[PDB]
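S.K.: First, the structure itself, so that you have it in front of you.
Derivation of every value follows stated rules applied to the coordinates shown; laboratory data play no part. No Cβ is skipped: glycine too gets one built from the backbone with ideal geometry, and neighbour counts run over all protein chains shown.
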Amino acid sequence: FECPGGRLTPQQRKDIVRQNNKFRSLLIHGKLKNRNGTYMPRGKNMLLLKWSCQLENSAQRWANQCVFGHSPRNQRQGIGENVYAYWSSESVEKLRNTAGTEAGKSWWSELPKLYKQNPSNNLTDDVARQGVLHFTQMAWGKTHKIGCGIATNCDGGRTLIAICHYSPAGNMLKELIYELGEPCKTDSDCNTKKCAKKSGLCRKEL
Ligand SMILES: *[C@@H]1O[C@H](CO)[C@@H](O[C@@H]2O[C@H](CO)[C@@H](O[C@@H]3O[C@H](CO)[C@@H](O)[C@H](O)[C@@H]3O)[C@H](O)[C@H]2NC(C)=O)[C@H](O[C@@H]2O[C@@H](C)[C@@H](O)[C@@H](O)[C@@H]2O)[C@H]1NC(C)=O
Ligand SMILES: *[C@@H]1O[C@H](CO)[C@@H](O)[C@H](O[C@@H]2O[C@@H](C)[C@@H](O)[C@@H](O)[C@@H]2O)[C@H]1NC(C)=O
């Protein structure tokens, strides 16, 4: 959680990772409702997210622009991107320390508010069209790397922007968001061959 030249604190990085992994674990344990009021299906092989300084560096470069939008495609090759902003009429400095976790709650909130019952867990065109792509990237079983950048100087210090980058990039159409199964109990349950038993998520390093 130490990233040379970074503008985040170690704690911010940890809070972001711990929150997103908690979400993932709650999800694969069947504890989270979709828009229809029905629990999402239990999952297996959901990777445990690791912080990547490389990802933070690209996300931070974009956050520094103070633009509420995506970075250009050619700077996002192989990489997912989620964008969050908070617009105040006063200073946002007090919001910096929870920027990442507020952003994760906002992206993640797509599940209960916009994500209709999808039993196959397949990311079809009709599922994608709902605007659940921020949530689906945070939930993407194959993604295992996350890095985020934050700007609080935007609009005279009155706008907060948080940018998170994910690798590998999630949201490939016609692939499942995550595999249907049981959370890992032992290493051999995981295709990566290492299981985080407390969370039921599979470990994948870097
Ligand atoms: C997610 O859901 C989509 C929509 O059903 C799956 O794609 C569909 O796969 C079917 C076969 O599993 C395709 O059927 C074929 O249709 C052609 C058209 O003539 C026939 O010639 C052929 O013999 C089959 O009957 C179906 O067309 C296809 N849907 C579309 C519009 O693409 C998808 O399955 C996955 O993607 C497809 C493209 C293949 O790679 C499948 O093997 C693969 O499982 C579902 N995704 C997942 C991960 O389940
Ligand atoms: C989730 O809620 C929506 C809106 O209330 C319903 O349309 C879904 O049931 C639907 O059943 C038919 C009409 C068809 O639209 C189907 O695609 C939907 O599933 C409901 N989902 C379920 C599975 O009950």
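S.K.: Quick one: in segment 173-189, of everything that is within 20 Å of the chain's Cα centre (by Cα), assigned to a loop (DSSP other than H, G, I, E, B) and surrounded by 15 or more Cβ atoms within 10 Å (Cβ to Cβ), which residue is nearest to ligand 1 (Cβ to nearest atom)?
M.R.: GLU175
S.K.: Spot the failing condition for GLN130; the list is (1) over 12 Å from the mean Cα position of the chain (by Cα); (2) closer than 27 Å to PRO4 by Cα, and only one is missed.
M.R.: So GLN130 meets the others, but not (2).
S.K.: Can you name the residue in segment 90-111 that is farther than 20 Å from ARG24 by Cβ and in a loop (DSSP other than H, G, I, E, B) and, of all such residues, is farthest from ligand 2 (Cβ to nearest atom)?
M.R.: Per the criteria, the residue is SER91.
S.K.: List every residue pair whose Cβ atoms lie under 9 Å apart, where the two residues are 6 or more positions apart in sequence or sit on different chains, the first residue falls within segment 60-71 and is farther than 15 Å from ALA99 by Cα, and the second residue, located anywhere, is of a type in the set (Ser, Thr, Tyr) and surrounded by 13 or more Cβ atoms within 10 Å (Cβ to Cβ).
M.R.: Going by the 9 Å Cβ cut-off, the qualifying pairs are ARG61/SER71; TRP62/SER71; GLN65/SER71; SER71/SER58.
S.K.: If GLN60 satisfies all but one of (1) of a type outside the set (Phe, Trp, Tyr); (2) within 15 Å of the chain's Cα centre (by Cα); (3) assigned to a helix (DSSP H, G or I); (4) surrounded by 16 or more Cβ atoms within 10 Å (Cβ to Cβ), what's the number of the condition it fails?
M.R.: (2)
S.K.: Which members of segment 112-132 meet the condition of being surrounded by 12 or more Cβ atoms within 10 Å (Cβ to Cβ), hydroxyl-bearing (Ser, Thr, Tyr) and away from ligand 2 (no atom under 11 Å from the Cβ)?
M.R.: Matches in segment 112-132: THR124 only.
S.K.: Within segment 40-49, can one find any residue that is out of contact with any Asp or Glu (no Cβ under 6 Å at 6 or more places or on another chain) and either in a helix (DSSP H, G or I) or hydroxyl-bearing (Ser, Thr, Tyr) (or both)?
M.R.: So far as segment 40-49 goes, no, none of its residues is out of contact with any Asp or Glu (no Cβ under 6 Å at 6 or more places or on another chain) and either in a helix (DSSP H, G or I) or hydroxyl-bearing (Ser, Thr, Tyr) (or both).
S.K.: Quick check on this structure: which one of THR136, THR192, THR152, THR143 is buried (at least 18 other Cβ atoms within 10 Å of the Cβ), part of a loop (DSSP other than H, G, I, E, B) and among the hydroxyl-bearing types (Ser, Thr, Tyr)?
M.R.: Exactly one residue qualifies, and that residue is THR143.
S.K.: I'd like to check something: does segment 74-89 contain any residue that is in a helix (DSSP H, G or I) and either basic (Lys, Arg) or out of contact with any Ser or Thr (no Cβ under 6 Å at 6 or more places or on another chain) (or both)?
M.R.: yes
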